[PDB]
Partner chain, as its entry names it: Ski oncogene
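Listed next as structure tokens is one chain, alone, in the form deposited without the partner chain.
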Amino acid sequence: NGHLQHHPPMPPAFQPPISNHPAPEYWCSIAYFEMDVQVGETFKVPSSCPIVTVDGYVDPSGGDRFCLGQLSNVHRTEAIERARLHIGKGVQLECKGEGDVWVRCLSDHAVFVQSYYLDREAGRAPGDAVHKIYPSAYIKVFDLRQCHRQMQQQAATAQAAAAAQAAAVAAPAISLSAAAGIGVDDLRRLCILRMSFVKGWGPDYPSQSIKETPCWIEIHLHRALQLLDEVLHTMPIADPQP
């Protein structure tokens, strides 16, 4: 069974916005890692730069292109050096619609994405799969609507398991309250993308997690995070329960 989903290149107004909330100043923020160490600062991408490029070149300017070639890292090994060599033209993260995200592998080597969307699209379990994107391939890795639906659902699901454990253990004088933020470290996960350049991880590979690959990045989508937060704030408040 393919834990590794392959993604080869495939050459070619009626519905309101998801939220009235105004767009963010940045549509996403990107943190680059070498193994379990973050190299360089977090790169923010203005919502006015619908396409950001992350290659292995050296221009520091910022804005819509985030270079990794010039970054230093005192702990860097000879392996990370080998890998960093092949990043090259890297990838393009394109933001369409309110907050949909696409990836364009411009590198000569395949990139390995970690996306909850792609997981669902492959009939796989959440987080159980590595999506390999072949050089030149151009595929959608995140759908705002799909994510939003999932959030409200998961959020509800949790809120219930809240009153569940609540009525569970629940004599003297004692009060109960839902953990101010149940299932949050999980809903946020739905708003974060990740991708490893050159090297892939998982069963078929020596790297077991992405934290074990020479050079990857973690993409935080803000418009998704805006929604989610807005969702968390539409839940019954933790009112002490005798």
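Positions refer to the first chain, counted from 1.
From this point on, the text means the form solved in complex with the partner chain, which you will not see here.
In the entry with it bound, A137 approaches the partner chain with a heavy atom inside 4.5 Å. For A122, a non-hydrogen atom is located within 4.5 Å of the partner chain in the entry with it bound, even though that partner is not displayed.
Proximity of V91 to the partner chain in the entry with it bound falls outside the 4.5 Å heavy atom cutoff.
Among residues of the shown chain, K96 is not one whose heavy atoms approach the partner chain to within 4.5 Å in the entry with it bound. Of the residues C147, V101, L118, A155, just one reaches the partner chain in the entry with it bound with a heavy atom at 4.5 Å or closer; this is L118.
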